[PDB]
Amino acid sequence: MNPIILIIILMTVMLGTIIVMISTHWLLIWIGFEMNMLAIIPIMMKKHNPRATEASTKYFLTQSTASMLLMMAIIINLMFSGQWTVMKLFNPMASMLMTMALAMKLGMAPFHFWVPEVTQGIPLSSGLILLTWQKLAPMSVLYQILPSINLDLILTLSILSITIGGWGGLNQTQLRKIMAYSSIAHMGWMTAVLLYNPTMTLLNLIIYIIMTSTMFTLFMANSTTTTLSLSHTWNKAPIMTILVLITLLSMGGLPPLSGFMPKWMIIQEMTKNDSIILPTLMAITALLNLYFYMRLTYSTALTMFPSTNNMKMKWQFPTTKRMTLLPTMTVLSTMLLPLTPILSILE
Amino acid sequence: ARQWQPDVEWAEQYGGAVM
Amino acid sequence: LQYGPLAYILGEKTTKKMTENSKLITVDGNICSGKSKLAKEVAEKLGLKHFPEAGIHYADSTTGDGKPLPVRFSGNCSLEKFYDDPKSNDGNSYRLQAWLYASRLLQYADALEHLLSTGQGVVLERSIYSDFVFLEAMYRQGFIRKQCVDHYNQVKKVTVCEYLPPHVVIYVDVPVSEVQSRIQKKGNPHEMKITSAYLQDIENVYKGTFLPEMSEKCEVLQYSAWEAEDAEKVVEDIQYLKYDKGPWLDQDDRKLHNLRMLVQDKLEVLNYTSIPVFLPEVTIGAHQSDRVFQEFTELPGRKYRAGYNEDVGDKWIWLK
Amino acid sequence: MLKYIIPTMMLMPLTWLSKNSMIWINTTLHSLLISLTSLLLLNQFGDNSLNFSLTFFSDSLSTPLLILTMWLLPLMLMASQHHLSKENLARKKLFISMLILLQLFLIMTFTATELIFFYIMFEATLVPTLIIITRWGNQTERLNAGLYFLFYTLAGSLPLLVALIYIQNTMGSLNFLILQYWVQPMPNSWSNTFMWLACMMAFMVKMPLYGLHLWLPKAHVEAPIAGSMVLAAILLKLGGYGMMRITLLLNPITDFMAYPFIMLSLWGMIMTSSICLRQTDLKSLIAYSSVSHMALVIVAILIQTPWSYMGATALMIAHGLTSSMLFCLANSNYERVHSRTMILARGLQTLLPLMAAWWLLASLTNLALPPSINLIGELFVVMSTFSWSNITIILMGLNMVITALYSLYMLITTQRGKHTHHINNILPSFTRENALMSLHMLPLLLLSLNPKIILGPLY
Amino acid sequence: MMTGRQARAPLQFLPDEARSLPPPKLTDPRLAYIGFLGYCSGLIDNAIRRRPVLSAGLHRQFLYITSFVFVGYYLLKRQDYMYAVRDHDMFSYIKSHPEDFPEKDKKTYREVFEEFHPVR
Amino acid sequence: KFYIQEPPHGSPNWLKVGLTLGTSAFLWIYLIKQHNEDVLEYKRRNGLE
Amino acid sequence: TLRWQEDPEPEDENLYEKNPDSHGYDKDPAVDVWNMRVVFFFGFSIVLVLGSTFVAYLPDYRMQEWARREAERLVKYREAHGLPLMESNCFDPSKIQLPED
Amino acid sequence: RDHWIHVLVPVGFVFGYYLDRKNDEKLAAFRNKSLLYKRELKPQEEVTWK
Amino acid sequence: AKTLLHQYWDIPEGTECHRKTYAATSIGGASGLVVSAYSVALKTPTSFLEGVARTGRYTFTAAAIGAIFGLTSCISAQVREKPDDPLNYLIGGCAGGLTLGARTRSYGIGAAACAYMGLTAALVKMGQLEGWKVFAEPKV
Ligand SMILES: CCCCCCCCCCCCCCCCCC(=O)OC[C@H](COP(=O)([O-])OCC[N+](C)(C)C)OC(=O)CCCCCCCCCCCCCCCCC
Ligand SMILES: CCCCCCCCCCCCCCCCCC(=O)OC[C@H](COP(=O)([O-])OCC[N+](C)(C)C)OC(=O)CCCCCCCCCCCCCCCCC
Ligand SMILES: CCCCCCCCCCCCCCCCCC(=O)OC[C@H](COP(=O)(O)OCCN)OC(=O)CCCCCCCCCCCCCCCCC
Ligand SMILES: Nc1ncnc2c1ncn2[C@@H]1O[C@H](COP(=O)(O)O)[C@@H](O)[C@H]1O
């Protein structure tokens with residue numbers, strides 16, 4: 001792949017996301033969505049093996065179905081309102097269709113079946129781009145239309161996403177599938193707290209983006225895609241084992257790490273509206289995400305798995321990868337709890 | 001007498017396609 | 001980094017420095033085939049850089065001060081013990097073969113990096129494409145098990161698939177009887193332990209498995225013992241070849257840029273050599289690996305990165 | 001409380017900038033200096049607490065626990081430096097760093113005026129102990145012990161977070177000084193029943209309650225010696241401090257919602273003492289004894305009378321010191337014979353006489369020999385439970401008989417009888433082990449002269 | 001929540017009303033903690049690249065601390081402004097609607113009655 | 001010389017060192033100036049002068 | 001077959017072998033004797049002794065002695081004037097409004 | 001100094017005490033205003049406590 | 001599914017056993033039909049007969065659980081003369097769990113289902129009595 005063509009395609013992805021974010025017209029939202037998806041397809045097919053083409057095919061089919069549903073909701077809203085301003089919708093059918101289209105684009109359960117296969121079939125950098133950047137635009141569109149969202153539908157999608165993500169991630173050994181199920185659970189949390197205070201949703205989105213970026217950056221720094229290849233890291237670079245230990249502890253929401261702050265503020269917001277059963281259920285379910293995170297930390301940092309002979313040949317050479325912003329997001333994802341009142345900048 | 005560290009069987013259990 | 005996408009954007013095209021003398025030449029043969037001095041005389045005729053044959057301590061020569069490390073830090077294996085006792089209980093034979101394959105892969109990456117960055121041809125001795133011959137001979141002699149062959153095939157399948165074959169492969173035909181006469185004339189006390197069956201198996205897997213599969217993807221020149229001494233005939237044959245086979249023809253700037261990006265990252269080169277496949281020969285325990293790694297870190301010039309070692313005489317660390 | 005927090009975090013550059021051989025000396029010296037400094041918290045008044053700031057305060061309940069923590073840290077540094085002898089230097093500094101961090105979280109936990117800050121520190125204490133257990137433990141099942149411990153604590157404590165946030169939204173503040181004056185009766189309903197369960201189950205798990213105690217004979221056993229000391233001596237008392245602080249909001253619903261746990265903990269101590277009678281492992285026997293004593297503290301807190309509260313805090317401090325000493329003695333035996341079986345190494349009084357004297361003193365304080373503070377706490381709890389009901393004297397007398405039985409069974413099995421013939425590596429006792437034993441014993445015996453400083457905020 | 005407030009003047013980090021507020025001190029404890037975060041990130045950057053942690057590249061660690069202090073100062077300014085706006089809107093709405101916020105008839109404890117539950 | 005190959009970080013990149021120190025000094029003086037005018041405008045608007 | 005490559009269990013080191021005067025603190029005799037001196041001085045001579053002296057002379061811990069003195073004063077004052085020493089009601093019934101029933 | 005590592009911690013204690021005193025001065029809103037300890041100021045002083 | 005729950009909760013407890021049992025059976029059959037639809041969608045059967053047999057089995061099991069729970073809770077409310085009491089719903093939930101154990105033909109899963117679904121039914125009864133909200137409307 002040419003460096004210049006790669007640059008143009010990446011700026012086209014960001015341009016599509018910007019076009020979705022800044023526009024006041026529904027047709028422009030649709031245009032930005034298709035521009036983003038069309039530009040991001042070649043990032044998935046960088047390596048040209050059958051798994052990448054299979055993942056690209058499944059991603060294309062899912063995004064095209066969601067896009068057609070979104071256009072249907074927009075046309076129904078135009079029919080029943082005569083305008084295109086991106087604001088609250090004037091039909092329950094249009095609201096339901098748009099909510100399910102955005103759920104399909106985000107990959108929340110029960111539309112979650114494409115996320116782990118697509119994440120597994122593509123490289124680590126493209127998977128990072130997908131699971132981090134692709135979710136900024138549907139959450140912005142959801143942030144713009146909350147007066148029309150059905151509460152029962154979005155809460156059902158949230159609790160289903162959390163439970164299905166935890167139960168799915170319990171069984172995986174590949175790192176990309178673990179990251180995908182973790183993503184599903186976190187989007188469940190984010191859209192759970194959406195209708196009460198969307199600022200908490202923005203804070204959770206930012207924290208999840210930073211933590212996922214740190215974990216994926218460590219993964220490509222060590223070039224590990226499985227559990228055992230990650231377990232070999234103690235005999236190559238133990239500082240990376242310490243970093244993945246603290247980041248995986250923070251991903252589980254354990255205090256006093258920075259991953260405790262989103263669910264803490266979400267539980268704080270949900271109890272103000274006299275909803276007590278759902279935050280307890282979501283915490284008890286997030287214990288499963290903590291379980292497979294702790295299993296990863298057992299295999300990687302807190303024990304010494306047997307290594308092989310050629311690790312000496314790997315000892316004799318230093319790393320030269322451009323681990324971009326890795327110390328910054330490593331610090332920002334673990335020691336940010338004393339700066340919790342900084343969330344007022346997002347309102 | 002020393003600390004126990006995982007054997008080949010531990011990692012071989014951890015290294016399947018599914019857990 | 002010294003080379004990256006920014007340099008390739010700014011006009012660094014590898015086809016500009018690629019002349020007609022930039023060829024990759026691999027010399028093969030039996031144990032004492034005399035291919036060494038033939039490779040030397042070829043390399044000093046077309047003015048190509050000679051890479052001597054990679055041993056256990058090749059990576060020690062590439063890094064650090066270039067002096068050979070102790071055997072417990074590099075290799076953890078002995079060639080002399082393989083010659084004395086090929087059927088040893090500790091699995092020295094396959095451990096040595098795997099380490100030598102990794103060293104040959106590192107040497108191939110270094111050769112390709114030099115070729116793509118300087119545009120100068122490189123003469124090699126027994127590259128990675130002619131390394132499985134010794135593994136097949138060791139398996140046919142019963143020295144190693146089937147699992148060792150399966151592990152080697154997995155590592156080779158995931159490593160050799162992203163490299164380009166040599167331009168010219170030169171093979172030197174010396175019979176096993178003359179090979180045995182040469183090794184008794186040499187005087188090495190452990191090299192006289194080599195049986196005739198091992199050399200016969202090496203010759204059989206050179207002739208019947210290596211040359212038929214390499215004549216399709218590259219060009220093979222084959223010589224006898226006495227006509228290999230005339231290096232002028234060999235350099236005439238190399239200068240009069242018609243290069244029309246192999247994947248070297250359909251190489252544009254983008255493909256060679258990706259290849260050069262691959263071969264200059266040595267940790268990305270050796271990523272798949274230590275795959276988590278637990279064989280009794282190559283799996284090292286946790287305590288032993290920890291002890292050896294802590295011993296290796298305390299070596300002079302090895303504790304930190306290359307430019308940041310105070311005890312070996314580096315300055316301006318606080319500004320670096 | 002910043003005059004104790006700042007030297008504790010300054011211990012971290014002290015252990016990360018010391019020499020390769022001077023880390024233990026420096027850390028032990030400066031931790032002992034801060035432990036001496038911790039006596040300035042004894043400026044307590046008969047009416048008002050010692051309120052430092054908006055975030056920190058320390059009444060007469062949290063002060064003995066603070067002094068115990070800050071005194072316990074150099075003991076763990078002295079204990080844990082023999083089995084970490086051959087360890088890498090960076091791993092040694094990481095171990096000392098986890099101990100320092102745990103002490104910092106513990107001294108920020110007991111002084112937290114806000115309840116949610118207490119919760120945050122009380123669950124920040126989970127990570128260093130889990131890392132210590134699962135990394136420097138010696139056995140295979142240290143990973144399973146860490147999983148059990150972590151998940152019992154978190155499953156107990158997430159409803160506590162939900163209930164504390166509900167109390168914050170309903171009352172308007174979680175400040176403990178405000179809630180003493182703004183408290184309201186909690187009527188009888190199902191909502192308040194689940195409020196009581198949510199506010200109580202975290203500290204019932206952490207104490208532990210009988211039936212929720214399954215994580216204790218694992219985490220107390222597969223841990224290293226310093227981990228076992230900090231788990232038995234301090235970490236079980238976070239539950240006691242939490243129930244002492246949180247019972248203020250749960251009235252008058254406690255008087256009938258406390259019945260099932262009173263029956264669980266009155267019958268539970270008999271079961272755990274009987275388990276102690278038939279234990280093949282010394283460390284497990286000490287852990288089950290800890291379960292029984294914490295069941296006593298649970299009953300004392302639940303009946304909520306002044307005598308019960310004084311007995312509960314005195315018993316907490318006394319059991320912390322005694323359990324730490326017993327774990328240290330068992331660790332010394334483990335270093336000598338490399339096995340935790342109680343029947344293996346016998347008759348050690350003929351070989352180790354002064355260690356046998358230390359064993360006898362620890363056993364005597366375990367069975368509450370008067371006038372030790374063990375007996376003072378146990379006696380006050382017995383008096384208050386007799387005031388509660390009269391058949392509690394039958395239960396307490398049975399518990400005392402079995403407690404004396406298993407303590408003397410420990411002593412007679414390990415120290416008395418004929419020595420093992422084939423064991424010949426019984427080295428003489430080092431000065432370090434004897435100094436550790438005496439530093440556990442002498443404060444415990446000295447506190448009987450002035451027992452008024454460990455009797456809680458309503459002495 | 002406050003989009004109607006931040007809707008007439010969009011995409012402004014700090015509106016002109018923020019300059020009436022006291023700026024954070026340069027000895028702010030939050031700013032010092034953010035500088036410590038920057039120092040920790042510099043040390044991690046030294047550590048992952050196998051450099052001497054406390055000695056290599058003092059210019060890099062100084063730029064880390066400086067960048068963290070700069071960004072943290074501006075974020076703290078915005079945070080203080082937004083809490084000020086929250087309080088201002090709250091008090092204006094309380095004052096504008098006196099019917100919905102009546103004065104509570106406070107009574108001394110000699111008139112109120114509380115049930116007594118004995119602990120025996 | 002100790003090494004067989006000259007390391008890429010064998011000598012400090014003086015251009016990068018100068019850029020780092022200049023950027024840090026520029027950021028510090030810009031922050032100080034911004035804080036000074038901020039407190040001046042606060043005292044001007046509030047009349048605390 | 002033969003299993004993976006691993007060092008055997010090392011023999012336990014006797015600290016009394018190379019150093020019969022060991023206190024068990026460190027393998028170097030100087031570090032060991034200095035650790036013993038540090039622990040014995042700063043633990044027993046400093047913390048225990050001066051801590052016991054500090055606790056012994058605490059300035060009227062929790063106002064018990066003041067309470068005894070004030071109780072003596074109040075008992076003398078109430079006994080001199082024929083007053084009852086203590087009443088059944090802590091607060092005055094005059095300043096208490098009972099609920100009407 | 002060759003023993004600065006032995007003066008890291010006591011200066012930490014001194015700095016913590018100084019910060020405690022500073023915060024105590026910061027919390028002086030009810031100095032000489034409490035109903036139990038309200039009294040007239042003796043001359044040659046300005047505050048009851050610091 | 002909204003009208004089924006209202007028509008179940010419109011009947012006073014301990015009053016009409018047949019109508020309460022019918023409403024509970026309809027709710028159970030609907031849930032079993034949803035489960036069977038997802039089962040035959042994701043895990044495709046070998047033939048039409050296997051799929052319709054799985055559908056009938058799941059629907060019948062869920063409907064039997066619902067009928068047994070409704071009948072047992074209504075009967076216990078009738079006998080004890082305590083209509084507003086979660087103990088009746090606990091008894092009905094344990095009866096439903098024992099029916100689930102009878103259908104699957106194993107004692108242990110039946111006992112575990114008795115305990116867990118009796119606790120769940122009791123919690124639903126407490127929520128109906130105290131007005132707990134599960135999908136709470138936004139308020140602040
Ligand atoms: C270690 C294992 C055991 C752990 C046990 C943990 C405690 C057990 C009970 C926890 C209940 C859940 C938290 C309740 C918090 C209540 C706060 C409150 O305001 O209550 C009043 C509120 C009342 O609602 P409200 O306050 O919104 O309404 C205003 C008040 N009224 C009703 C008068 C209008 O209660 C509730 O909202 C519901 C409380 C009951 C919740 C039942 C569901 C959970 C069941 C137990 C789960 C236990 C853990 C399971 C998993 C274990 C591990 C796998
Ligand atoms: C405190 C909570 C945390 C607990 C863990 C703490 C760990 C760190 C330890 C720090 C240092 C120790 C702190 C606690 C110190 C307690 C001791 C103390 O200070 O006591 C003060 C008490 C104070 O007593 P007092 O209160 O009666 O004194 C009156 C007060 N003044 C002095 C002001 C007038 O000291 C004594 O009681 C000493 C009395 C004299 C010495 C003893 C004489 C008799 C000895 C026995 C004689 C023989 C009897 C028969 C024997 C038969 C055979 C067995
Ligand atoms: C309300 C919120 C509104 C929005 C706020 C802003 C949101 C920001 C979201 C950031 C999303 C990051 C997406 C992923 C990285 C994008 C850049 C990219 O393309 O990186 C991949 C690229 C591939 O190159 P290649 O060499 O092939 O890598 C394979 C490894 N050899 O290169 C590499 O792989 C190089 C290796 C290092 C890559 C590091 C990338 C880090 C990116 C994340 C930084 C932290 C997040 C942003 C800051 C906080 C935002 C909240
Ligand atoms: N796979 C291998 N196993 C053992 N020895 C090898 C292997 N590959 C090359 N050699 C060595 O290569 C020598 C032949 O190269 P040369 O002497 O340069 O012709 C032999 O004598 C062996 O010592």
# chains A, B, ... in the order shown; residues from 1 in each chain; ligands from 1
call {"tool": "residues_around", "arguments": {"residues": "region 37-45 of chain F", "least_positions_apart": "4", "cutoff": "12 Å", "atoms": "only C-alpha atoms", "output": "count of residues only"}}
result
19
call {"tool": "interface_residues", "arguments": {"of": "chain A", "to": "chain D", "cutoff": "12 Å", "atoms": "only C-alpha atoms", "output": "short mmCIF file (atom, residue, chain, number, x, y, z; two decimals) with C-alpha atoms, in the first residue's frame"}}
result
data_model
loop_
_atom_site.label_atom_id
_atom_site.label_comp_id
_atom_site.auth_asym_id
_atom_site.auth_seq_id
_atom_site.Cartn_x
_atom_site.Cartn_y
_atom_site.Cartn_z
CA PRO A 238 8.87 -7.20 31.82
CA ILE A 239 7.97 -3.49 31.82
CA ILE A 242 3.65 -4.44 34.27
CA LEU A 245 -1.22 -5.70 34.20
CA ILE A 246 -2.13 -2.19 35.35
CA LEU A 249 -6.78 -3.99 36.10
CA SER A 250 -8.03 -0.52 35.14
CA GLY A 252 -12.06 -4.03 34.93
CA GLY A 253 -13.12 -0.94 36.83
CA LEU A 254 -11.11 -1.73 39.94
CA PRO A 255 -10.51 1.33 42.14
CA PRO A 256 -8.47 3.50 42.46
CA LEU A 257 -7.70 3.18 38.77
CA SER A 258 -9.22 5.46 36.14
CA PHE A 260 -13.56 2.93 38.07
CA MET A 261 -14.67 6.51 37.35
CA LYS A 263 -19.17 3.15 36.11
CA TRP A 264 -19.01 5.09 39.39
CA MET A 265 -20.52 8.18 37.77
CA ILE A 266 -23.00 6.05 35.79
CA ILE A 267 -24.25 4.39 38.99
CA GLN A 268 -24.38 7.85 40.58
CA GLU A 269 -26.57 9.12 37.74
CA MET A 270 -28.89 6.11 37.53
CA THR A 271 -29.80 6.20 41.24
CA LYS A 272 -30.89 9.84 41.02
CA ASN A 273 -33.71 8.70 38.72
CA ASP A 274 -34.84 5.94 41.13
CA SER A 275 -33.36 3.09 39.07
CA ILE A 276 -31.60 0.77 41.51
CA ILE A 277 -32.00 -2.75 40.07
CA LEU A 278 -30.31 -1.99 36.74
CA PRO A 279 -27.03 -0.48 38.09
CA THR A 280 -26.66 -3.43 40.48
CA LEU A 281 -27.29 -5.90 37.65
CA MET A 282 -24.79 -4.12 35.39
CA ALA A 283 -22.11 -4.13 38.11
CA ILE A 284 -22.66 -7.84 38.85
CA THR A 285 -22.45 -8.54 35.12
CA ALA A 286 -19.26 -6.46 34.71
CA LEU A 287 -17.67 -8.84 37.21
CA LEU A 288 -17.43 -11.28 34.24
CA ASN A 289 -15.36 -8.79 32.25
CA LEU A 290 -13.19 -8.46 35.34
CA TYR A 291 -12.90 -12.26 35.38
CA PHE A 292 -11.42 -12.70 31.95
CA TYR A 293 -9.23 -9.61 32.42
CA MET A 294 -7.85 -11.23 35.58
CA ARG A 295 -7.30 -14.48 33.70
CA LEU A 296 -5.22 -12.56 31.16
CA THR A 297 -3.21 -10.94 33.97
CA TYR A 298 -2.61 -14.37 35.50
CA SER A 299 -1.30 -15.74 32.22
CA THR A 300 0.85 -12.67 31.47
CA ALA A 301 2.18 -10.78 34.48
CA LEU A 302 1.63 -12.65 37.76
CA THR A 303 3.12 -15.97 36.57
CA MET A 304 6.08 -17.01 34.43
CA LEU A 337 -9.21 9.13 39.39
CA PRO A 338 -7.98 12.08 41.56
#
call {"tool": "atom_distance", "arguments": {"atom1": "CA of residue 348 (chain D)", "atom2": "CA of residue 411 (chain D)"}}
result
10.3 Å
call {"tool": "atom_distance", "arguments": {"atom1": "CA of residue 42 (chain G)", "atom2": "CA of residue 33 (chain D)"}}
result
7.4 Å
call {"tool": "residues_around", "arguments": {"residues": "residue 39 (chain G)", "least_positions_apart": "3", "cutoff": "9 Å", "atoms": "only C-alpha atoms", "output": "PyMOL selection string"}}
result
(chain D and resi 25+28-29+32+78+432+435) or (chain G and resi 34-36+42-44)
call {"tool": "write_last_selection", "arguments": {"atoms": "C-alpha atoms", "output": "mmCIF file, in the first residue's frame"}}
result
data_model
loop_
_atom_site.group_PDB
_atom_site.id
_atom_site.type_symbol
_atom_site.label_atom_id
_atom_site.label_comp_id
_atom_site.auth_asym_id
_atom_site.auth_seq_id
_atom_site.Cartn_x
_atom_site.Cartn_y
_atom_site.Cartn_z
ATOM 1 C CA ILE D 25 17.833 -1.367 56.549
ATOM 2 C CA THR D 28 12.831 -0.723 58.304
ATOM 3 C CA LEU D 29 14.529 2.277 59.953
ATOM 4 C CA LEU D 32 9.987 2.494 62.565
ATOM 5 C CA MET D 78 11.605 -7.874 58.929
ATOM 6 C CA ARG D 432 15.887 -11.781 63.451
ATOM 7 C CA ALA D 435 13.395 -10.005 67.519
ATOM 8 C CA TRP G 34 24.153 -3.127 61.096
ATOM 9 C CA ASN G 35 20.617 -4.359 60.405
ATOM 10 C CA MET G 36 20.616 -5.992 63.843
ATOM 11 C CA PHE G 42 15.044 1.926 66.747
ATOM 12 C CA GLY G 43 12.606 -0.809 67.772
ATOM 13 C CA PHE G 44 13.235 -1.397 71.467
#
call {"tool": "closest_atom_pairs", "arguments": {"of": "chain C", "to": "ligand 4", "cutoff": "6 Å", "atoms": "only C-alpha atoms and all ligand atoms", "output": "JSON lines"}}
result
{"residue": "C:31", "atom": "CA", "partner": "ligand 4", "partner_atom_place_in_ligand_line": "14 (C)", "distance": 4.0}
{"residue": "C:32", "atom": "CA", "partner": "ligand 4", "partner_atom_place_in_ligand_line": "19 (O)", "distance": 4.7}
{"residue": "C:33", "atom": "CA", "partner": "ligand 4", "partner_atom_place_in_ligand_line": "19 (O)", "distance": 5.7}
{"residue": "C:34", "atom": "CA", "partner": "ligand 4", "partner_atom_place_in_ligand_line": "19 (O)", "distance": 5.8}
{"residue": "C:35", "atom": "CA", "partner": "ligand 4", "partner_atom_place_in_ligand_line": "19 (O)", "distance": 5.8}
{"residue": "C:36", "atom": "CA", "partner": "ligand 4", "partner_atom_place_in_ligand_line": "18 (O)", "distance": 5.4}
{"residue": "C:97", "atom": "CA", "partner": "ligand 4", "partner_atom_place_in_ligand_line": "1 (N)", "distance": 5.0}
{"residue": "C:134", "atom": "CA", "partner": "ligand 4", "partner_atom_place_in_ligand_line": "1 (N)", "distance": 4.8}
call {"tool": "write_last_selection", "arguments": {"atoms": "N, CA, C and O atoms", "output": "PDB file, in the first residue's frame"}}
result
ATOM      1  N   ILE C  31      29.174 -31.135   2.932  1.00  0.00           N
ATOM      2  CA  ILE C  31      29.864 -30.615   4.110  1.00  0.00           C
ATOM      3  C   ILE C  31      31.240 -30.061   3.748  1.00  0.00           C
ATOM      4  O   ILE C  31      31.598 -28.950   4.153  1.00  0.00           O
ATOM      5  N   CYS C  32      32.021 -30.792   2.964  1.00  0.00           N
ATOM      6  CA  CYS C  32      33.306 -30.246   2.550  1.00  0.00           C
ATOM      7  C   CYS C  32      33.370 -30.109   1.038  1.00  0.00           C
ATOM      8  O   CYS C  32      34.353 -30.507   0.410  1.00  0.00           O
ATOM      9  N   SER C  33      32.321 -29.529   0.453  1.00  0.00           N
ATOM     10  CA  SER C  33      32.225 -29.388  -0.993  1.00  0.00           C
ATOM     11  C   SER C  33      33.177 -28.345  -1.559  1.00  0.00           C
ATOM     12  O   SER C  33      33.311 -28.263  -2.783  1.00  0.00           O
ATOM     13  N   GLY C  34      33.840 -27.559  -0.717  1.00  0.00           N
ATOM     14  CA  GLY C  34      34.704 -26.515  -1.228  1.00  0.00           C
ATOM     15  C   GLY C  34      33.947 -25.368  -1.848  1.00  0.00           C
ATOM     16  O   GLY C  34      34.466 -24.705  -2.749  1.00  0.00           O
ATOM     17  N   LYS C  35      32.723 -25.128  -1.397  1.00  0.00           N
ATOM     18  CA  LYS C  35      31.903 -24.048  -1.910  1.00  0.00           C
ATOM     19  C   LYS C  35      32.285 -22.718  -1.293  1.00  0.00           C
ATOM     20  O   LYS C  35      31.908 -21.670  -1.801  1.00  0.00           O
ATOM     21  N   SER C  36      33.026 -22.766  -0.192  1.00  0.00           N
ATOM     22  CA  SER C  36      33.420 -21.565   0.531  1.00  0.00           C
ATOM     23  C   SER C  36      34.345 -20.683  -0.296  1.00  0.00           C
ATOM     24  O   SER C  36      34.101 -19.485  -0.467  1.00  0.00           O
ATOM     25  N   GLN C  97      19.492 -27.262  15.209  1.00  0.00           N
ATOM     26  CA  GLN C  97      18.924 -27.016  13.886  1.00  0.00           C
ATOM     27  C   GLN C  97      17.983 -25.816  13.886  1.00  0.00           C
ATOM     28  O   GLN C  97      18.007 -25.001  12.958  1.00  0.00           O
ATOM     29  N   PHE C 134      19.389 -30.449   5.794  1.00  0.00           N
ATOM     30  CA  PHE C 134      20.011 -31.035   6.973  1.00  0.00           C
ATOM     31  C   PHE C 134      18.961 -31.577   7.931  1.00  0.00           C
ATOM     32  O   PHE C 134      19.177 -32.608   8.576  1.00  0.00           O
TER      33      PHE C 134
END
call {"tool": "residues_near_ligand", "arguments": {"ligand": "ligand 2", "cutoff": "6 Å", "atoms": "only C-alpha atoms and all ligand atoms", "output": "VMD selection string"}}
result
(chain D and resid 64 67 to 68 71 443 446 to 447 449 to 450 453 to 454) or (chain G and resid 47 to 48 51 to 53 55 to 57)
call {"tool": "write_last_selection", "arguments": {"atoms": "C-alpha atoms", "output": "short mmCIF file (atom, residue, chain, number, x, y, z; two decimals), in the first residue's frame"}}
result
data_model
loop_
_atom_site.label_atom_id
_atom_site.label_comp_id
_atom_site.auth_asym_id
_atom_site.auth_seq_id
_atom_site.Cartn_x
_atom_site.Cartn_y
_atom_site.Cartn_z
CA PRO D 64 -5.68 1.94 67.68
CA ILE D 67 -1.17 2.63 65.34
CA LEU D 68 -1.45 -1.11 64.69
CA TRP D 71 3.59 -0.62 63.72
CA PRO D 443 3.38 -4.44 73.00
CA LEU D 446 2.45 -3.87 77.82
CA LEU D 447 -1.07 -2.94 76.70
CA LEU D 449 -1.01 -2.09 81.96
CA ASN D 450 -2.92 0.70 80.18
CA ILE D 453 -6.37 3.33 74.82
CA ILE D 454 -7.86 0.40 72.90
CA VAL G 47 9.79 3.04 69.92
CA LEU G 48 8.95 0.70 72.81
CA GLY G 51 6.29 4.97 73.46
CA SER G 52 5.50 3.46 76.86
CA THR G 53 6.72 6.67 78.51
CA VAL G 55 1.42 6.59 76.85
CA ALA G 56 2.07 6.63 80.61
CA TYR G 57 2.04 10.45 80.78
#
